[PDB]
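Here is the structure we will look at, set down as structure tokens.
Letters A, B, ... mirror the listed sequences (proteins, then strands); counts begin at 1. Keep in mind that the numbers below use all heavy atoms, side chains included, and drop hydrogens, waters and symmetry copies.
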Amino acid sequence: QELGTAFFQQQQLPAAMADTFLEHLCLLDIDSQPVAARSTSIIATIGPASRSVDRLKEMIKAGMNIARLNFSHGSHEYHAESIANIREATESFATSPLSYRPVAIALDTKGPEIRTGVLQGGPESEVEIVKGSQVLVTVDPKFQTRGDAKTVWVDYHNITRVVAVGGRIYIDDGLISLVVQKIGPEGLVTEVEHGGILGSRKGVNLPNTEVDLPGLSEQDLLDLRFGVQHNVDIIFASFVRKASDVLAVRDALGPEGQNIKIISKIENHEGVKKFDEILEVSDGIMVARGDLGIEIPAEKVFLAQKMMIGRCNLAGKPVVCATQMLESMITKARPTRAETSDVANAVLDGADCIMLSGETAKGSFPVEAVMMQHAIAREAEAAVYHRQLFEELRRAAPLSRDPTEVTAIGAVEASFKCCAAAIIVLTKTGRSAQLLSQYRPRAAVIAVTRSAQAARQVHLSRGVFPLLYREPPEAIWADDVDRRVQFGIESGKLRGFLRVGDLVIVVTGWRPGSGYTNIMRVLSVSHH
Amino acid sequence: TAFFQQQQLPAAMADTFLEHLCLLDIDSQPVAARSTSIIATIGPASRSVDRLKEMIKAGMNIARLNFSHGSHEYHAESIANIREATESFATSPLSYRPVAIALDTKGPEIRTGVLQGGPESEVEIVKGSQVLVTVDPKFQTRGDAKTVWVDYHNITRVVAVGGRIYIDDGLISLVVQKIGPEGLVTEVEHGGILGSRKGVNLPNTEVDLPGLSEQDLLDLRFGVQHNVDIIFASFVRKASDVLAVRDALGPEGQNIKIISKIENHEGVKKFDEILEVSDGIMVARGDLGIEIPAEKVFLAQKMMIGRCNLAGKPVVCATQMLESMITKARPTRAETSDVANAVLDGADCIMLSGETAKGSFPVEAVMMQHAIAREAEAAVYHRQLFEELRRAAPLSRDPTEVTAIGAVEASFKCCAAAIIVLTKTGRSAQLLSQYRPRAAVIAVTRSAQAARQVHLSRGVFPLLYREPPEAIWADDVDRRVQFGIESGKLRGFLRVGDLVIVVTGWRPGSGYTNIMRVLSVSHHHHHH
Amino acid sequence: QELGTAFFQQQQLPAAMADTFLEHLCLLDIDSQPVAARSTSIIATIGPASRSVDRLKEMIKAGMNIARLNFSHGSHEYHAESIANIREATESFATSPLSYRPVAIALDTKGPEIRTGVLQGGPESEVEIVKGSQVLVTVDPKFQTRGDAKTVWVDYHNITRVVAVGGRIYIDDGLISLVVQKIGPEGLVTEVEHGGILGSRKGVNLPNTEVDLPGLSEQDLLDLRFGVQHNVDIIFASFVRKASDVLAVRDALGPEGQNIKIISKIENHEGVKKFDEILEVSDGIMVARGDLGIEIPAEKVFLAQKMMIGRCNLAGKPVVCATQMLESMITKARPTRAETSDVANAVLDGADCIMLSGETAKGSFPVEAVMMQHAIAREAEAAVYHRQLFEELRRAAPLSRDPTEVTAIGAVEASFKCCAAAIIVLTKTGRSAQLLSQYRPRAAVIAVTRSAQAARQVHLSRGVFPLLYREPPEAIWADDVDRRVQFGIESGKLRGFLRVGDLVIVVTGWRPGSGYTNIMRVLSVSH
Ligand SMILES: Nc1ncnc2c1ncn2[C@@H]1O[C@H](COP(=O)(O)OP(=O)(O)OP(=O)(O)O)[C@@H](O)[C@H]1O
Ligand SMILES: Nc1ncnc2c1ncn2[C@@H]1O[C@H](COP(=O)(O)OP(=O)(O)OP(=O)(O)O)[C@@H](O)[C@H]1O
Ligand SMILES: O=P(O)(O)OC[C@H]1O[C@](O)(COP(=O)(O)O)[C@@H](O)[C@@H]1O
Ligand SMILES: O=P(O)(O)OC[C@H]1O[C@](O)(COP(=O)(O)O)[C@@H](O)[C@@H]1O
Ligand SMILES: O=P(O)(O)OC[C@H]1O[C@](O)(COP(=O)(O)O)[C@@H](O)[C@@H]1O
Ligand SMILES: O=C([O-])C(=O)[O-]
Ligand SMILES: O=C([O-])C(=O)[O-]
Ligand SMILES: O=C([O-])C(=O)[O-]
Ligand SMILES: [Cl-]
Ligand SMILES: [Mg+2]
Ligand SMILES: [Mg+2]
Ligand SMILES: [Mg+2]
Ligand SMILES: [Mg+2]
Ligand SMILES: [Mg+2]
Ligand SMILES: [Mg+2]
Ligand SMILES: [Mg+2]
Ligand SMILES: [Mg+2]
Ligand SMILES: [Mg+2]
């Protein structure tokens with residue numbers, strides 16, 4: 001009502017109050033400055049360009065929420081040191097819960113993939129595959145660490161039997177195309193159709209093939225155990241084809257790994273086909289557009305993205321958009337017009353998380369890349385048409401008898417009614433926060449938890465801002481609850497989420513332990 | 001399985017109103033408690049203590065006393081019998097049904113005199129005949145088929161030649177030929193059988209009458225003195241009329257609900273300003289259907305009900321709803337349809353006049369309104385209604401308003417059997433009712449008057465709590481909540497395994513409602 | 001803009017342009033006068049009160065479109081007299097051959113029903129059945145025309161067996177309730193639970209019983225042959241319980257009766273159960289609330305009504321709302337508040353036709369009952385929320401490869417874009433008009449036909465105004481088409497449907513014969 005005239009001209013609120021989508025579009029305003037904290041989480045792949053403690057400190061300040069460790073590269077020893085560095089940088093800000101941001105760690109698996117070998121000049125070297133040249137693809141292990149511009153080793157022994165003369169071999173998410181001329185004892189003699197810069201251990205994709213490949217290799221098992229031992233938060237499971245891939249991963253993690261979240265990467269035609277069964281048994285999904293867009297026609301990937309994000313939004317499960325989002329920023333300080341558009345559109349499509357790969361793992365501007373995802377996402381989030389979104393989730397979602405579910409829809413609705421600055425929720429596992437996130441409030445969901453791991457893992461859900469509460473239980477449980485709510489309000493103040501006289505929605509439960517969230521309260525923020 | 005086939009839920013799921021209509025099913029039994037209150041006019045057929053007990057059991061919520069007829073003593077008698085009948089059930093507080101008492105004013109009505117042959121005589125007014133309309137005192141008790149006396153003395157200076165004079169629910173029509181010293185010489189345009197003291201209507205004649213007459217002031221005084229809950233104020237033409245009623249009621253009468261009756265053209269014209277200053281509205285279809293064309297009344301009804309639904313204020317549909325049941329045991333097909341459509345239009349209350357005041361079947365008239373309303377309430381298209389009311393309601397920083405919408409949203413998500421709310425004045429209950437939930441709003445109150453008055457708001461079931469305050473206020477709050485659930489179970493509104501939403505406040509006194517909770521109803525008598 | 005902003009204040013146009021239903025209600029305005037011609041057709045039942053040529057003429061002036069003959073009453077001879085008087089009244093206006101109104105004739109069957117006998121005194125007489133008294137229900141032929149306050153005859157010979165002791169016999173749409181005390185040789189001796197005034201030949205309804213009645217009795221077959229031989233337009237087929245019932249009717253009408261519309265009456269529980277298979281093989285539906293309201297619980301009838309009209313509107317097939325709509329006007333000059341509201345809500349529910357029974361058949365105010373239905377229907381039509389109704393039909397209905405379908409939706413959309421005063425359609429059978437009527441245009445459908453029967457029959461679909469074209473062909477077909485269209489336009493001007501400067505939509509076909517409608521044009525009304 002009377003927060004000010006100015007209030008209703010900010011954060012695209014004229015567009016928010018449109019009666020149609022079309023009218024909503026027409027009312028978008030470049031001069032309407034975003035106000036809410038950026039809610040879509042940024043995942044940054046950690047490699048040579050992003051490994052130092054100093055650099056990780058600036059990536060955290062720029063907006064990094066989740067660090068991705070790609071086990072298709074490096075080694076256990078390398079990734080262990082990456083983790084050490086991440087945790088040093090993260091904990092450097094723990095001095096005062098004023099700038100303390102949890103950072104989650106994700107292990108991205110190799111999975112049923114085909115990779116090239118390490119070049120002659122070593123794992124950080126490159127060679128130029130030239131258009132028109134002859135290239136031998138070999139399976140002879142003597143070439144495993146001795147690849148160059150003429151001979152490429154591959155780790156799938158059976159390629160020779162499986163690829164046809166005149167057939168294509170693609171390298172590095174389709175960067176390089178080889179056409180098979182001849183088959184024989186030496187391997188596959190190819191001509192380079194499209195050339196480029198080949199690095200070490202690059203992905204190999206084979207059109208017109210149905211390679212049966214284990215699913216969990218012996219290396220995969222070592223990698224998941226490494227994950228459990230180093231207490232990673234998330235598994236990004238590569239090339240999930242079917243439900244049983246997800247269950248195999250859940251099995252190998254074991255009961256000690258039971259709390260680790262599994263985000264299934266959809267990277268091929270089969271995964272898209274079996275999406276429903278995959279999503280059912282997964283904690284969430286990654287639209288892995290690098291592999292996907294060379295496994296399926298490039299012009300079709302956007303249908304897959306929009307569909308999978310839609311379905312995850314409906315299921316209330318985290319979804320990640322990935323790969324080539326700000327690609328040009330590997331060598332330039334500013335992105336292309338298509339790249340800003342792609343990020344904005346991933347937020348508008350409804351992604352919980354967006355991701356940087358080469359842009360942060362090996363590029364010249366890792367910090368700028370994080371900064372740019374931050375700035376775009378914050379603008380896109382203000383432009384979501386919540387009215388239609390919320391209305392469509394009501395119409396489409398099932399009825400629920402779960403009291404936390406019921407509480408969360410009422411809490412979010414209440415947050416719109418009064419333009420609440422935040423919804424403060426107590427959560428042991430993240431779940432009560434996740435169930436608020438699914439209705440996409442404009443209000444920040446501030447999740448207060450004692451669980452360090454839950455604080456990291458809630459970054460998967462758009463708009464959940466974790467606060468690690470560190471005080472030991474009060475003598476009286478009601479007083480412990482109150483102190484945690486007050487903690488959320490005061491961190492809200494000091495982080496600029498709240499000010500005296502804002503309204504907040506508070507979501508609690510009626511007893512200790514998980515699953516008893518059933519209370520929604522409306523509070524005015526005051527001084528003491 | 002069976003659950004989803006009742007309460008017209010197949011029709012409730014429909015994607016369009018059209019498909020909703022197509023899916024309505026006569027075999028789908030309502031299960032909700034009846035939410036549209038029944039106002040029964042009390043008179044000869046309905047004032048014995050025994051009859052009134054049967055009428056309470058049939059569903060009567062509000063007793064109307066029509067002060068167009070009967071002495072003060074006759075009305076005081078009716079009140080004592082109503083209170084006796086009501087209080088006969090008070091030895092069962094979990095089942096006790098409050099009954100409100102409404103005083104309907106005489107207002108500026110015009111009536112004919114007594115006939116020569118006295119108050120049981122009747123005379124034929126023949127069409128084509130000349131009849132004088134006189135205000136000569138000597139004709140007050142000497143009416144015949146050629147002279148009719150009228151109690152509006154100023155009628156002879158206010159009805160110009162060519163003016164129409166309607167008598168007895170508009171069934172007799174006179175057209176003025178001349179204004180003489182003897183009065184209005186007229187011609188019978190429509191004829192009929194005329195009795196004593198019959199209502200007169202003067203449409204397209206602006207009357208001089210005061211608004212509050214000396215009798216009205218006596219009658220409003222009587223109202224305060226006998227602690228009536230509601231004034232139905234006859235012939236409200238403008239906002240100043242409403243304020244005159246509020247002033248006469250005095251400081252003693254401040255809490256009495258004023259429901260303005262819209263009975264003529266000017267009242268429709270000035271509806272908006274009238275509704276502003278009133279607690280609610282009655283579509284008084286009897287007078288209105290003579291004052292304006294009969295074939296336009298349905299537009300005024302639907303307009304007024306809509307605007308009231310928009311304002312979150314109670315609206316009453318009245319007059320001739322089950323008219324035939326004055327003499328017959330079963331109503332006409334038009335009459336059942338009238339009742340159902342009043343509910344579907346959005347009426348909070350429906351009314352019975354002659355059918356309960358003087359007819360042969362008062363109890364069965366009440367039973368019939370009960371049964372129809374139940375069927376119609378199940379058939380309301382909530383999906384559309386809820387959205388349109390959500391969207392039309394303004395943003396609010398008032399926590400009662402914020403919590404109300406969260407609780408109704410929540411009710412809909414779990415198909416909650418009830419919303420239980422504590423209220424001192426009825427307001428927190430009204431703010432739920434205004435979103436038209438399918439769930440029953442069980443209002444728990446210590447105030448006997450509020451318990452009576454909340455019957456004006458659709459879907460509010462008052463429970464009068466009688467226990468002395470617990471020493472700890474939170475305990476007192478909890479006892480009332482558990483009392484609401486236990487009354488709910490006993491009256492069969494709630495069964496074990498149902499979810500209820502509970503609505504409470506953070507301190508004592510009106511205006512601090514701010515908490516919504518989700519409970520399960522257990523077999524046990526304490527719930528969580 | 002340049003219609004004059006007075007145009008956007010009449011006809012409930014502010015309410016028409018609401019964004020929501022709720023806003024639409026809030027904008028309804030009693031000072032906003034209707035301007036369109038009344039589109040919901042009025043069916044009047046013809047009996048004692050409506051027999052004379054002068055009376056029928058007045059009923060036609062008041063707005064009667066269909067005359068209903070109830071063969072549960074009278075005799076062949078009686079209805080032949082009625083028909084002759086209806087046609088003489090109808091043809092008395094053929095003088096000015098564009099103020100001629102076709103009037104359809106509907107034969108309403110007995111069907112599988114039970115009825116009481118003729119009283120002592122004859123079919124004009126009445127007796128009071130007194131509450132508490134003892135009444136004998138008998139199957140003895142000697143009481144067949146000898147009924148009184150104490151013995152009532154019924155034409156279901158096997159009634160002694162189907163009704164238990166302590167079971168209810170309802171008479172005249174539930175007006176009278178009898179409870180069976182004892183079962184014996186004379187019949188059933190009953191005590192009167194609810195009394196009332198009994199006439200001759202009143203409906204008997206038996207709750208919690210099954211009766212074995214054929215579907216088409218020997219009398220039904222005689223009555224349908226009568227209908228064919230007297231060139232009736234419509235059969236209102238009583239107590240349609242299943243799809244086979246409709247097909248039997250269609251069989252009995254035979255090749256001679258091919259073009260007669262069957263409107264199936266839904267009046268009991270089985271009929272509601274089997275609605276979908278009945279509507280499928282029927283030309284239309286009647287919601288027969290008299291019987292229906294004593295066969296099922298009275299508080300349920302409104303659900304059945306709204307469901308059935310909703311489904312008919314979706315199937316694009318005409319539906320009639322019937323019985324007790326203006327009941328009090330049997331004795332009173334003015335209706336009750338419930339009655340006006342009922343008529344309005346029938347129209348707002350989407351009924352194509354509204355009906356009068358006793359109000360015109362036997363009451364004191366037949367003409368004023370018709371006038372009242374006319375007045376209400378006209379107000380209610382302007383209050384339809386076209387915006388939502390069109391949208392939901394578009395969403396709900398199937399796609400179609402039929403050129404007439406495709407053209408109709410186009411035409412109606414075009415009618416809205418320009419506020420066309422009329423859509424003019426050429427039709428042989430009415431089908432092309434009907435397919436426009438299903439989208440409920442605010443614009444009048446002026447249907448130009450050479451078929452007198454079609455011109456009577458199209459009254460069944462809301463918004464269709466028939467113009468019977470009388471001229472003989474032109475050498476060139478295309479010239480004949482253009483003259484029929486010109487007839488439409490000049491007829492609309494004269495009747496005040498149209499003025500110079502109105503737009504009209506014109507719907508035509510590419511060749512003669514039925515089934516080839518496929519053209520829509522936008523014309524300015526000339527000179
Ligand atoms: N830990 C690392 N050490 C060295 N180089 C790395 C590391 N992580 C990533 N890279 C480099 O950055 C590139 C892009 O990273 P990204 O994580 O997308 O891997 P990818 O090879 O495309 O496989 P995926 O399909 O799993 O994304 C890699 O191809 C590799 O050249
Ligand atoms: N042709 C007629 N001759 C004499 N009286 C008639 C005739 N038609 C109708 N009536 C009178 O009007 C009443 C109502 O007319 P209506 O056509 O509704 O008949 P009904 O008995 O109600 O049977 P249905 O269930 O077919 O309507 C009849 O019961 C009868 O008293
Ligand atoms: O989101 P989750 O994991 O269900 O946890 C929410 C739980 O948190 C609480 O607010 C607090 O529980 P604790 O005191 O055990 O932290 C409970 O009332 C509620 O059931
Ligand atoms: O509906 P109202 O009149 O505002 O009353 C609601 C009030 O009832 C309560 O729930 C209980 O108050 P009391 O103990 O004064 O009855 C308050 O917490 C709340 O403000
Ligand atoms: O509505 P129906 O019976 O299908 O009639 C539509 C027919 O009327 C016409 O406009 C004219 O046909 P006729 O010339 O045979 O009268 C045809 O073009 C069209 O197929
Ligand atoms: O694996 C990925 O991240 C991809 O392929 O996009
Ligand atoms: O006073 C009334 O209730 C009326 O006139 O309808
Ligand atoms: O038969 C009828 O017309 C009825 O019963 O309503
Ligand atoms: Cl009786
Ligand atoms: Mg990988
Ligand atoms: Mg790859
Ligand atoms: Mg990649
Ligand atoms: Mg990949
Ligand atoms: Mg009064
Ligand atoms: Mg009145
Ligand atoms: Mg019949
Ligand atoms: Mg009838
Ligand atoms: Mg019938």
Side-chain angles (χ1 to χ4, degrees), chain B residues 41-48 65-78 104-156 159 165-174 176 180-202 209 213-216 218-219 222 234 286-287 290 320 323 326-327 353-360 362, chain C residues 328 331-334:
Chain B
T41 302
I42 302 302
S46 48
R47 65 197 299 254
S48 88
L65 314 169
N66 187 7
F67 270 63
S68 287
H69 307 294
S71 57
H72 282 188
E73 299 83 9
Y74 183 97
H75 284 126
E77 283 167 359
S78 294
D104 183 320
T105 62
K106 181 180 166 69
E109 43 172 57
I110 307 158
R111 275 186 187 283
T112 69
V114 175
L115 293 183
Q116 219 330 119
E120 309 270 277
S121 73
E122 69 190 1
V123 88
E124 201 185 336
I125 304 290
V126 328
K127 61 156 311 206
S129 59
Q130 178 183 310
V131 341
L132 174 65
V133 171
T134 180
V135 297
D136 183 17
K138 108 183 190 206
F139 275 101
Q140 174 158 190
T141 63
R142 310 207 175 265
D144 58 60
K146 301 192 299 125
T147 320
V148 334
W149 179 94
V150 139
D151 53 36
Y152 176 30
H153 199 259
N154 258 295
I155 197 183
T156 62
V159 186
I165 292 172
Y166 284 104
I167 297 170
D168 184 35
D169 189 43
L171 290 163
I172 288 159
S173 198
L174 314 185
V176 179
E182 286 189 19
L184 309 176
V185 188
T186 80
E187 189 173 318
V188 179
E189 180 195 57
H190 300 269
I193 184 188
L194 171 62
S196 296
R197 297 229 226 114
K198 299 299 193 173
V200 172
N201 288 266
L202 259 35
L209 277 170
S213 76
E214 303 275 63
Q215 252 312 311
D216 295 343
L218 267 49
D219 300 341
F222 171 102
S234 297
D287 277 291
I290 301 146
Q320 287 187 0
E323 186 76 352
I326 287 170
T327 62
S353 297
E355 306 93 319
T356 54
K358 69 165 238 271
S360 312
Chain C
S328 70
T331 67
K332 274 202 162 43
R334 294 186 48 154

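B/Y152 pairs by the side chain to side chain donor-acceptor pair (under 3.5 Å) definition with B/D208, not counting sequence neighbours. Residues meeting the side chain to side chain donor-acceptor pair (under 3.5 Å) test with B/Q320, sequence neighbours left out: B/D169, C/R337. Here B/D287 pairs with nothing under the side chain to side chain donor-acceptor pair (under 3.5 Å) rule; sequence neighbours left out. Taking B/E77 as the reference, B/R47, B/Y74 meet the side chain to side chain contact (heavy atoms under 4.5 Å, CB included) condition, with sequence neighbours excluded. With sequence neighbours excluded, no residue satisfies side chain to side chain donor-acceptor pair (under 3.5 Å) with B/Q140. Shown here are the side chain to side chain contact (heavy atoms under 4.5 Å, CB included) partners of B/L171, two or more places apart in sequence or in another chain: C/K332, C/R334. For the side chain to side chain contact (heavy atoms under 4.5 Å, CB included) test, residues two or more places apart in sequence or in another chain that qualify with B/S213 are B/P210, B/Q215, B/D216. Residues satisfying the side chain to side chain contact (heavy atoms under 4.5 Å, CB included) test with C/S328, not counting sequence neighbours, are C/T336, C/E339. Applying the ring pair (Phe, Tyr, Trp, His ring centres under 6.0 Å) criterion to B/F222, with sequence neighbours excluded, gives B/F67, B/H72, B/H226.
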Could you walk me through whether B/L174 and B/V131 satisfy the side-chain contact (heavy atoms from CB on, under 4.5 Å) test, starting with their C-alpha distance in whole Å, then the side-chain angles of each, then the deciding distance to 0.1 Å, before giving a yes or no? CA-CA 8 Å; B/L174 314 185; B/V131 341; 3.8 Å; yes

Check against side-chain contact (heavy atoms from CB on, under 4.5 Å), B/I42 and B/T356: CA-CA 6 Å; B/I42 302 302; B/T356 54; 5.9 Å; no

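Of all the heavy atoms in B/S121 and B/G118, the pair that sits closest is OG-O, 2.7 Å. When all heavy atoms are compared, the tightest approach of B/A45 to B/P362 is O-CG, 3.5 Å. Considering every non-hydrogen atom in both B/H75 and B/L65, the closest pair reads CD2-CB, 3.9 Å.
Atom-to-atom distance recorded for B/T134:OG1 and B/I155:CD1 is 10.5 Å, nearest 0.5 angstrom. Taken to the nearest 0.5 Å, the CD1 atom of B/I167 stands 7.0 Å off from the CD1 atom of B/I125. Atom CG of B/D168 is separated from atom CD1 of B/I193 by 9.5 Å, given to the nearest 0.5 angstrom. Atom CD1 in B/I290 sits 11.5 Å away from atom CG in B/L202 (nearest 0.5 Å).
A salt bridge (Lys or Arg N to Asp or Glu O under 4.0 Å) check over residues 109-138 of chain B, counting only residues at least two apart or in different chains, returns the pairs B/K106-B/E109, B/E109-B/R111. Screening residues 186-200 of chain B for salt bridge (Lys or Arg N to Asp or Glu O under 4.0 Å), with sequence neighbours left out, gives B/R164-B/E189.
Of the N and O atoms on the side chains of B/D104 and B/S68, not one donor lies less than 3.5 Å from an acceptor on the other residue.
Side chain of B/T105 to backbone of B/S234: a donor-acceptor contact under 3.5 angstrom is found. No donor-acceptor pair under 3.5 Å is formed between the side chain of B/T186 and the backbone N or O of B/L132. Judged by distance alone, with hydrogens and angles left aside, the side-chain atoms of B/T147 form no donor-acceptor pair with the main-chain N or O of B/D144 at under 3.5 Å.
No option in B/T112, B/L115, B/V123 other than B/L115 meets the side-chain contact (heavy atoms from CB on, under 4.5 Å) test with B/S196.
Within the 4.5 Å cutoff, the side chain of B/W149 has heavy atoms near those of the B/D151 side chain. Within the 4.5 Å cutoff, no side-chain heavy atoms of B/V188 are placed close to those of B/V126. By the 4.5 Å heavy-atom criterion applied to side chains, B/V185 and B/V176 are not counted as neighbours.
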